[PDB]
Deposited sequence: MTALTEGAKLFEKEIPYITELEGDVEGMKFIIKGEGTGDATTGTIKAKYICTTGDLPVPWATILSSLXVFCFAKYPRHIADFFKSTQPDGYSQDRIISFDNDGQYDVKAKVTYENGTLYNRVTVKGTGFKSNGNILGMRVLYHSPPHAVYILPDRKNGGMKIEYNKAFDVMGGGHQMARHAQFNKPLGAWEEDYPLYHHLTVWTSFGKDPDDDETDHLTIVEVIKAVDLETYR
């Protein structure tokens, strides 16, 4: 309950990502806002090391479920664990291709929400859509499984992303994720539920210098009784 109060208004949202895909190192810095009242995330991410050496769409999920619109009756792991924060680690397996090993800490610090994340990409194929830069510049809407996992002291998160590729066709990205509190948590495990995500990609028209991504994104918790 205490943690959720921190999100009752729009607050700043900062992302720092350090990536290494097949030895190609990159840094992404994001600046934006998250508004958990409406589930609305807005941000601009800049690759501060130069050009991003993988498609932007494939790195979006690495770059804050704490901003999801939650109803009062579903236990909200992502806010409940604040301000100490939570760990969010995942393996993103790209079908017919390599994987991103992603490790993050998501923490509230003096009024701003931070996502600090490392990405290690291995196993990628030279003829694939990721190294080949053939994943189109958008991220379609998705549904995310949020599963209680008391046995491992946290939440098991499982979902697919279905990207569009040049020439038609798709690139599936299988996300196997685990979340754990970093500090205090009253251990109010949510029931199995979903999140929905919708995203719009853009560019900053005033920025002709950097390789960057702007987003407007909406994330919402879904009570599965609505499926009945």
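In sequence order, the deposited residues that have no C-alpha coordinates form the ranges 1-4, 68.
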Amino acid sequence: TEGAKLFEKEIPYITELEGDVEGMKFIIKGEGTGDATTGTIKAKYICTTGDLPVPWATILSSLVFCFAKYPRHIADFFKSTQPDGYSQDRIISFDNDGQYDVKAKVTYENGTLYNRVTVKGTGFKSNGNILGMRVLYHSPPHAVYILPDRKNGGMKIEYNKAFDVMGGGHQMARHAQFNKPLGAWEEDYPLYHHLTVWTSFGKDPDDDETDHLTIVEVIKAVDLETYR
From here on, numbers count along this sequence of modelled residues.
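For the pair 217-225 and 4-12, the mean B factor over Cα atoms is greater in 4-12. Here 31-39 and 167-175 are compared by their mean Cα B-factor, and 167-175 comes out higher. Highest CA B-factor among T49, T196, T58, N160, as stated in the entry: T49.
Across the residues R90, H142, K79, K151, the deposited record lists the maximum Cα B factor for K151. Sorting the modelled residues of the chain by their CA temperature factor places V54 in the middle third. Split the chain's modelled residues into thirds by C-alpha temperature factor. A104 is in the lowest one.
Placement of the Cα temperature factor of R116 within the chain: lowest third of the modelled residues, per the deposited record.
For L136, the recorded CA B-factor ranks within the highest third of the chain. Only modelled residues enter the ranking.
The PDB entry assigns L182 a C-alpha temperature factor belonging to the middle third of its chain's modelled residues.
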